[PDB]
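Notes for the one structure printed next.
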Amino acid sequence: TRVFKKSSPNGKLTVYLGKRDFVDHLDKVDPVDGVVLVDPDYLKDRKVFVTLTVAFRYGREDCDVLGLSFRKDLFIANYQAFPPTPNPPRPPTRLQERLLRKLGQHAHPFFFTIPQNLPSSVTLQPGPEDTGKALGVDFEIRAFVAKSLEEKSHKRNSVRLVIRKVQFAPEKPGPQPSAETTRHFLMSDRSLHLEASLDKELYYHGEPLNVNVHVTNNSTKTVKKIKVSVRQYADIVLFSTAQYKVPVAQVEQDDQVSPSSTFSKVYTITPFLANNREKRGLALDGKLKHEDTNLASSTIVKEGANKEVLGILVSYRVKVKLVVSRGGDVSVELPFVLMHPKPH
Amino acid sequence: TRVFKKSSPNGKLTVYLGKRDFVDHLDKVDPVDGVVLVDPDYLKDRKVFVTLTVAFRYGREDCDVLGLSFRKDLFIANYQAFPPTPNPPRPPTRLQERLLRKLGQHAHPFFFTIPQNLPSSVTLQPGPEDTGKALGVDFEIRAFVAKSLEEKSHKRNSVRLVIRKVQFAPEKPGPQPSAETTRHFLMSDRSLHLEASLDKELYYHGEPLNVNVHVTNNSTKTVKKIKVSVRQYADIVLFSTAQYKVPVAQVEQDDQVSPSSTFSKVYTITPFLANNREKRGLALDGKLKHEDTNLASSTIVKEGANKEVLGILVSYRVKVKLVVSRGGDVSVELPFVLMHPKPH
Amino acid sequence: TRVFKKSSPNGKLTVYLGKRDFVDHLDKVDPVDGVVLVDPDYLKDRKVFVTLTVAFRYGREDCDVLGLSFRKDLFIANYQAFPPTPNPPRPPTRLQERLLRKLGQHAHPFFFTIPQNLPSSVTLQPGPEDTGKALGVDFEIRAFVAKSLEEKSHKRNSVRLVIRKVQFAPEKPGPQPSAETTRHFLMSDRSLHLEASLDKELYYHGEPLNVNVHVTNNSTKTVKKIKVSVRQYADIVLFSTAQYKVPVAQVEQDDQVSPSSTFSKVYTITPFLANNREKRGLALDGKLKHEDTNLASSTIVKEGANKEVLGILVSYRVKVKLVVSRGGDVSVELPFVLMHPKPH
Amino acid sequence: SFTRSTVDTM
Amino acid sequence: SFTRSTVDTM
Amino acid sequence: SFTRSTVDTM
């Protein structure tokens with residue numbers, strides 16, 4: 001029943017939004033619908049428009065003394081709020097009708113559709129060495145009044161508000177993730193067998209990862225140490241292909257694997273943000289203004305492979321490293337997903 | 001009067017230019033006209049062409065041991081100097097006719113038109129930490145002789161000269177610039193009224209800015225200090241939107257504004273280059289080779305809003321900051337222009 | 001002779017290549033031909049494709065913890081290995097027929113053509129301050145099996161191998177390279193004559209450069225010192241024009257040239273990589289994995305001037321500097337080529 | 001300033 | 001792994 | 001070298 005609203009600094013132009021967050025069901029997205037409230041006597045000759053834009057923004061917005069974002073406009077949409085447009089698309093919405101009931105004549109609804117080929121709201125962790133905020137893709141709604149679309153923007157006229165787009169976990173479990181690797185010697189037939197498995201393929205933040213690793217060291221070398229870690233992969237694509245990978249959680253056990261022996265164990269690794277408050281380049285979930293959040297939720301690609309290289313893509317993997325004596329170190333990897341469940 | 005000229009290092013190819021600077025009247029620009037002087041017996045099989053180009057150049061040209069400019073060619077034009085071309089466009093000019101009288105048969109005139117959607121000649125201030133010159137948009141005329149347009153350039157054949165394009169102040173004054181801002185408390189009805197005004201909207205370099213500020217502090221907090229400054233904004237657009245803003249002049253007064261009191265005063269602020277000889281990122285007017293100049297003149301956009309994002313755009317603003325006790329600091333902003341008047 | 005081969009990590013998919021290096025004769029290039037060996041029972045529903053790609057790669061590939069290459073795909077080609085394609089282009093090759101004889105039914109040949117407008121395999125020298133490998137253009141052959149071209153790549157399925165493309169010296173000598181420069185005084189008719197010449201225009205690595213320099217100092221100033229050096233020019237063009245020039249060899253002689261005297265001498269300068277193991281930005285010939293090589297061979301452009309700006313272009317020049325007293329220093333430049341001869 | 005909720009009525 | 005040469009036959 | 005002015009005549 002409650003309804004958010006934002007107003008112009010002059011107090012004359014006000015916009016109402018019923019929701020702050022939107023979700024996608026891998027086939028459709030919740031439409032962005034709202035109503036702008038304004039008395040036409042203030043303008044009496046201008047026209048009101050509301051614009052949807054998504055940009056690759058860097059830095060902060062509080063008049064920092066530094067070169068600001070490389071403002072790449074990934075996608076921009078415009079709608080004519082005033083003068084009134086025809087009925088589509090397609091009808092007015094229920095909440096817009098209720099708000100028009102609440103206000104009356106000066107209520108003007110608008111409709112928008114979000115294309116399916118858009119990235120998710122993510123924000124990179126700013127570094128203490130740097131200043132202000134950091135780079136990150138964000139959504140933004142902008143409403144303004146002017147006689148022309150190309151008229152100069154005014155602080156008193158234009159109003160800026162920030163919205164978010166997030167995904168939620170599907171209810172269908174996937175195949176069981178497992179991996180194996182057998183490495184022999186240079187000449188002798190003796191080999192080194194290792195197998196890694198996980199309880200599930202989809203987990204939840206704060207839930208420990210019970211990795212099941214089995215080592216069949218039917219060889220002559222002795223494994224000195226064992227290292228288990230999870231790696232975060234962040235694909236950066238604006239006009240070139242890039243990927244910045246940073247370790248997030250590492251666990252080491254002082255276990256010796258004797259030659260011609262089989263050793264299997266289950267280890268616990270937990271990703272958390274407390275220990276990485278200073279690590280630059282970390283990817284985090286989209287924030288409102290500056291509020292803290294958890295780690296960046298693993299966004300899942302749609303069924304269509306297409307391109308979808310229009311922003312930041314994130315994925316997680318787990319690697320286990322065996323410290324074999326006199327070289328011969330062998331490591332195995334396993335991809336997995338980790339992102340929020342569906343609320344009610 | 002006098003006529004400038006430049007010659008090839010071999011001394012055989014010489015070009016004559018009647019002007020070194022050109023101006024735009026917001027609707028038309030002075031055409032670039034000149035005559036190339038050369039005896040055809042030297043070439044006897046090649047062809048002579050003269051080219052106009054504008055580039056986003058960085059660094060210096062004296063064989064510095066470093067990666068040179070990111071040579072982006074904003075716009076390039078070519079004309080066939082030899083063999084002779086038809087009469088257009090449209091007739092020969094008066095000065096070209098006089099020079100043809102002076103020289104005779106071996107005088108070949110050329111004509112050029114500068115499109116209206118071009119930036120102004122500006123140059124960023126080089127930093128002492130860096131080496132050589134700095135980035136900056138520049139104009140350049142290039143004349144060379146070759147059998148083909150794509151033939152390899154030769155130092156002896158090609159000749160390079162630098163020209164400048166500058167604007168001048170219109171004689172029509174604009175609206176009076178003024179600003180106001182009223183901020184209340186969180187709960188109490190008491191507010192803070194401040195108003196800023198300037199004598200004019202267009203000034204001249206070296207002329208003091210008599211900012212008129214009035215403060216109506218009918219509140220309970222006490223304003224500790226007052227800060228008045230002018231900010232320089234430089235828009236950098238090559239393929240992404242950027243803006244590097246650096247303060248240029250700051251003045252502070254140790255004045256206390258008592259609660260429930262009205263205080264108005266006029267303060268003097270003067271922008272000058274003497275105190276900022278080391279500040280990197282400062283924008284300066286286009287130089288010939290290395291000569292010093294004043295601050296970058298504020299270039300005014302044409303009546304058409306179009307795009308004009310093909311280089312560097314500069315503007316100036318003034319901000320006054322009030323240091324309010326226990327937070328609640330409020331600052332006011334105001335834009336203004338500052339660039340050279342029209343000579344005779 | 002022998003035939004190279006590479007196999008998938010699973011050991012089921014194997015590809016055979018008869019050559020590792022290819023050459024261009026300024027009019028045609030040796031076609032890339034090979035045969036893929038695989039039993040269809042392993043896949044039984046998928047399709048096999050082999051792809052040729054050239055990329056501007058930076059850094060290393062051994063899972064380094066840093067942002068990897070700016071993966072710009074200069075040119076990509078794809079061929080349908082399985083299901084079998086028609087006969088072209090145009091017939092099967094001789095070596096492919098021999099390998100099909102050797103293996104039998106499960107041998108599937110493929111054909112490729114390299115366009116003439118491609119750069120040469122070069123690699124920049126990594127810096128000790130940096131980590132891993134450095135930037136460089138490389139060739140790569142990729143074979144994989146999938147139901148669709150856009151299917152997700154698999155480590156077990158896809159196989160990656162590296163090939164090289166190099167040029168060889170033409171047998172036709174060019175014009176004799178020579179240079180001269182005469183500089184007079186500001187007012188007096190006395191001048192300074194200097195002439196530089198080389199034995200040939202094309203040399204071989206490790207062969208000394210016998211530069212012949214003659215100085216006619218019929219002037220009043222005294223030349224303090226003489227400096228002779230060779231400069232390496234590396235053109236970097238991806239979307240902007242760039243050129244990173246670094247000196248490679250320098251020789252200085254403490255010789256004084258008296259006024260009104262003529263002095264001619266021949267000096268020896270030798271470019272070598274031993275003394276520049278730490279100089280960052282040096283260009284080197286394409287390596288296989290990490291093996292050392294000589295300096296970057298000077299690649300010669302084809303007869304057609306076209307554009308060819310799709311990578312790294314390299315050239316060499318020689319400069320001799322005269323240290324003239326009380327200023328007036330004059331230097332001469334001369335271009336030359338230096339790259340490997342044709343083997344047998 | 002900031003954002004705020006408000007009444008819906010009916 | 002690495003590369004390797006092999007037979008040719010005939 | 002550098003630039004220079006010259007004669008115009010007539």
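By order in the structure tokens, chains are A, B, ...; within a chain, residues start at 1; ligands start at 1, following the order shown.
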Onto chain E, please fit chain F by least squares using all C-alpha atoms in order, then return the transformed chain as a compact mmCIF listing (two decimals) with N, CA, C and O atoms, in the first residue's frame.
# COMPACT_ATOMS: atom_id res chain seq x y z
N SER F 1 49.09 -31.38 -22.40
CA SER F 1 50.51 -31.45 -22.10
C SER F 1 51.33 -30.64 -23.11
O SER F 1 51.06 -29.45 -23.32
N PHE F 2 52.31 -31.29 -23.72
CA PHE F 2 53.18 -30.63 -24.69
C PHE F 2 52.95 -31.17 -26.10
O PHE F 2 51.99 -31.90 -26.34
N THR F 3 53.85 -30.82 -27.01
CA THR F 3 53.78 -31.30 -28.39
C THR F 3 54.67 -32.52 -28.57
O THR F 3 55.46 -32.86 -27.69
N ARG F 4 54.53 -33.18 -29.71
CA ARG F 4 55.32 -34.37 -30.01
C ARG F 4 55.28 -34.69 -31.50
O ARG F 4 54.30 -34.39 -32.18
N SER F 5 56.36 -35.29 -32.01
CA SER F 5 56.40 -35.75 -33.39
C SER F 5 55.95 -37.20 -33.46
O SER F 5 55.86 -37.88 -32.43
N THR F 6 55.68 -37.70 -34.66
CA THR F 6 55.25 -39.08 -34.81
C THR F 6 55.60 -39.67 -36.18
O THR F 6 56.33 -39.07 -36.97
N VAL F 7 55.07 -40.86 -36.44
CA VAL F 7 55.41 -41.64 -37.62
C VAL F 7 54.72 -41.05 -38.85
O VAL F 7 53.76 -40.29 -38.73
N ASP F 8 55.23 -41.36 -40.04
CA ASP F 8 54.64 -40.89 -41.29
C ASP F 8 54.18 -42.06 -42.16
O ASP F 8 53.16 -41.97 -42.84
N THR F 9 54.96 -43.15 -42.12
CA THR F 9 54.78 -44.37 -42.92
C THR F 9 54.70 -44.13 -44.44
O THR F 9 54.67 -42.99 -44.90
N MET F 10 54.69 -45.23 -45.19
CA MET F 10 54.65 -45.21 -46.65
C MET F 10 55.80 -44.40 -47.23
O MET F 10 55.61 -43.28 -47.70
For stretch 10-72 of chain A against stretch 270-286 of chain B, with a cut-off of 12 Å and counting only C-alpha atoms, what is the closest atom pair and its distance in Å to one decimal for every residue that makes the cut, ordered by chain and number, as CSV?
residue,atom,partner,partner_atom,distance
A:65,CA,B:281,CA,11.4
A:66,CA,B:281,CA,10.0
A:67,CA,B:281,CA,9.9
Identify all residues of stretch 92-223 of chain A in strand (DSSP E or B) (DSSP on the backbone) and supply them as JSON, numbers by chain. {"A": [107, 108, 109, 110, 111, 112, 122, 123, 124, 136, 137, 138, 139, 140, 141, 142, 143, 144, 145, 146, 159, 160, 161, 164, 165, 166, 178, 179, 180, 181, 182, 183, 184, 191, 192, 193, 194, 195, 196, 197, 202, 203, 209, 210, 211, 212, 213, 214, 215, 216, 217, 223]}
Would you put the residues from that selection into a file with C-alpha atoms, as a short mmCIF file (atom, residue, chain, number, x, y, z; two decimals), in the first residue's frame?
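result-v6.cif was written with the following content:
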data_model
loop_
_atom_site.label_atom_id
_atom_site.label_comp_id
_atom_site.auth_asym_id
_atom_site.auth_seq_id
_atom_site.Cartn_x
_atom_site.Cartn_y
_atom_site.Cartn_z
CA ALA A 107 -1.43 12.57 -12.40
CA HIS A 108 0.33 11.45 -15.59
CA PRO A 109 1.29 7.77 -15.89
CA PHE A 110 4.20 6.41 -17.91
CA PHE A 111 5.21 2.93 -19.04
CA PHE A 112 8.57 1.32 -19.78
CA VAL A 122 26.95 -4.53 -9.67
CA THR A 123 29.51 -2.25 -8.04
CA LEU A 124 33.26 -2.75 -7.66
CA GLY A 136 30.19 0.09 -11.56
CA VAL A 137 27.12 -0.39 -13.75
CA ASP A 138 24.02 1.29 -12.34
CA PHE A 139 20.41 2.01 -13.29
CA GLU A 140 18.94 5.50 -13.16
CA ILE A 141 15.56 7.14 -13.82
CA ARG A 142 15.58 10.77 -14.97
CA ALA A 143 12.53 13.02 -15.34
CA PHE A 144 12.74 16.58 -16.64
CA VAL A 145 10.66 19.29 -18.31
CA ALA A 146 11.80 21.22 -21.38
CA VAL A 159 15.10 15.00 -10.95
CA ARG A 160 17.36 11.96 -10.55
CA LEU A 161 16.56 8.70 -8.74
CA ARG A 164 18.07 -1.63 -8.91
CA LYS A 165 17.68 -4.83 -10.94
CA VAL A 166 18.43 -8.20 -9.32
CA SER A 178 32.32 -33.24 -9.45
CA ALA A 179 35.83 -33.37 -10.87
CA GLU A 180 38.74 -35.79 -11.18
CA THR A 181 42.34 -35.72 -12.37
CA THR A 182 44.88 -38.53 -12.82
CA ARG A 183 48.54 -37.63 -13.35
CA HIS A 184 51.23 -40.26 -13.92
CA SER A 191 50.12 -42.29 -11.06
CA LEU A 192 48.37 -39.77 -8.79
CA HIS A 193 44.57 -39.94 -8.55
CA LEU A 194 42.53 -37.11 -7.03
CA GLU A 195 38.78 -36.51 -7.00
CA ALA A 196 36.77 -33.52 -5.78
CA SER A 197 33.03 -33.26 -5.19
CA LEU A 202 23.79 -24.08 -5.68
CA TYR A 203 24.47 -22.74 -2.18
CA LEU A 209 31.18 -25.26 1.47
CA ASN A 210 31.75 -28.91 2.41
CA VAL A 211 34.16 -29.87 -0.37
CA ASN A 212 34.75 -33.63 -0.57
CA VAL A 213 38.27 -34.39 -1.81
CA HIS A 214 39.77 -37.88 -2.17
CA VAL A 215 43.46 -38.42 -2.93
CA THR A 216 44.84 -41.75 -4.18
CA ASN A 217 48.60 -41.16 -4.01
CA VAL A 223 52.54 -34.44 -1.12
#
Per-residue nearest contacts of chain C to chain E (10 Å; only C-alpha atoms) as a Markdown table:
| residue | atom | partner | partner_atom | distance |
| --- | --- | --- | --- | --- |
| C:1 | CA | E:8 | CA | 7.1 |
| C:2 | CA | E:5 | CA | 6.0 |
| C:3 | CA | E:5 | CA | 5.4 |
| C:4 | CA | E:5 | CA | 4.5 |
| C:5 | CA | E:4 | CA | 5.9 |
| C:6 | CA | E:3 | CA | 5.6 |
| C:7 | CA | E:1 | CA | 8.2 |
| C:8 | CA | E:1 | CA | 8.6 |
| C:9 | CA | E:1 | CA | 7.0 |
| C:16 | CA | E:5 | CA | 9.3 |
| C:17 | CA | E:5 | CA | 9.6 |
| C:18 | CA | E:5 | CA | 9.5 |
| C:95 | CA | E:8 | CA | 9.9 |
| C:98 | CA | E:8 | CA | 8.0 |
| C:99 | CA | E:8 | CA | 7.3 |
| C:101 | CA | E:10 | CA | 8.5 |
| C:102 | CA | E:9 | CA | 6.4 |
| C:103 | CA | E:8 | CA | 9.7 |
| C:161 | CA | E:3 | CA | 8.9 |
Atoms kept (N, CA, C and O atoms) for selection, written as a compact mmCIF listing (two decimals), in the first residue's frame:
# COMPACT_ATOMS: atom_id res chain seq x y z
N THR C 1 59.80 -37.41 -43.48
CA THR C 1 60.12 -36.51 -42.39
C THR C 1 59.24 -36.77 -41.18
O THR C 1 58.69 -37.86 -41.03
N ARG C 2 59.12 -35.75 -40.34
CA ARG C 2 58.29 -35.92 -39.13
C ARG C 2 57.06 -35.04 -39.24
O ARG C 2 57.06 -34.11 -40.07
N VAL C 3 56.03 -35.36 -38.47
CA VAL C 3 54.78 -34.62 -38.46
C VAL C 3 54.40 -34.32 -37.02
O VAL C 3 54.31 -35.23 -36.19
N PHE C 4 54.17 -33.04 -36.72
CA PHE C 4 53.76 -32.64 -35.38
C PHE C 4 52.30 -33.03 -35.13
O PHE C 4 51.51 -33.21 -36.05
N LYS C 5 51.96 -33.16 -33.85
CA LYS C 5 50.59 -33.47 -33.46
C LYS C 5 50.33 -32.96 -32.05
O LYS C 5 51.25 -32.88 -31.22
N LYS C 6 49.08 -32.62 -31.78
CA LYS C 6 48.63 -32.21 -30.46
C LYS C 6 47.33 -32.93 -30.13
O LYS C 6 46.50 -33.15 -31.02
N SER C 7 47.15 -33.29 -28.86
CA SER C 7 46.01 -34.08 -28.43
C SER C 7 45.27 -33.37 -27.30
O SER C 7 45.83 -32.56 -26.57
N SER C 8 43.98 -33.70 -27.19
CA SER C 8 43.16 -33.16 -26.12
C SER C 8 43.62 -33.71 -24.77
O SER C 8 44.20 -34.81 -24.70
N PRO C 9 43.41 -32.97 -23.68
CA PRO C 9 43.78 -33.49 -22.36
C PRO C 9 43.11 -34.81 -22.02
O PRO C 9 43.70 -35.63 -21.31
N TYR C 16 46.67 -33.10 -36.05
CA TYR C 16 47.99 -33.26 -36.64
C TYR C 16 48.30 -32.05 -37.51
O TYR C 16 47.48 -31.65 -38.34
N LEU C 17 49.49 -31.48 -37.32
CA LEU C 17 49.96 -30.37 -38.13
C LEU C 17 51.31 -30.74 -38.74
O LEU C 17 52.21 -31.20 -38.04
N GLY C 18 51.44 -30.53 -40.06
CA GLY C 18 52.68 -30.85 -40.73
C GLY C 18 53.75 -29.78 -40.62
O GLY C 18 54.94 -30.10 -40.76
N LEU C 95 49.97 -33.71 -48.34
CA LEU C 95 50.26 -34.20 -46.99
C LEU C 95 49.01 -34.71 -46.30
O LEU C 95 49.06 -35.70 -45.56
N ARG C 98 48.44 -38.15 -47.62
CA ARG C 98 49.36 -39.10 -47.01
C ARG C 98 48.93 -39.46 -45.60
O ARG C 98 48.97 -40.63 -45.20
N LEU C 99 48.50 -38.47 -44.82
CA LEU C 99 48.04 -38.74 -43.46
C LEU C 99 46.75 -39.55 -43.46
O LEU C 99 46.56 -40.40 -42.58
N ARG C 101 46.01 -41.75 -45.71
CA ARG C 101 46.54 -43.09 -45.94
C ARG C 101 47.05 -43.71 -44.64
O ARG C 101 46.74 -44.87 -44.34
N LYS C 102 47.81 -42.94 -43.86
CA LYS C 102 48.38 -43.47 -42.62
C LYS C 102 47.31 -43.88 -41.62
O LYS C 102 47.40 -44.94 -40.99
N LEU C 103 46.28 -43.04 -41.45
CA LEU C 103 45.28 -43.29 -40.42
C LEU C 103 44.09 -44.08 -40.97
O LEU C 103 43.81 -45.19 -40.50
N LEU C 161 46.65 -24.69 -29.81
CA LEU C 161 48.03 -24.78 -30.26
C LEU C 161 48.42 -23.46 -30.89
O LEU C 161 47.57 -22.72 -31.40
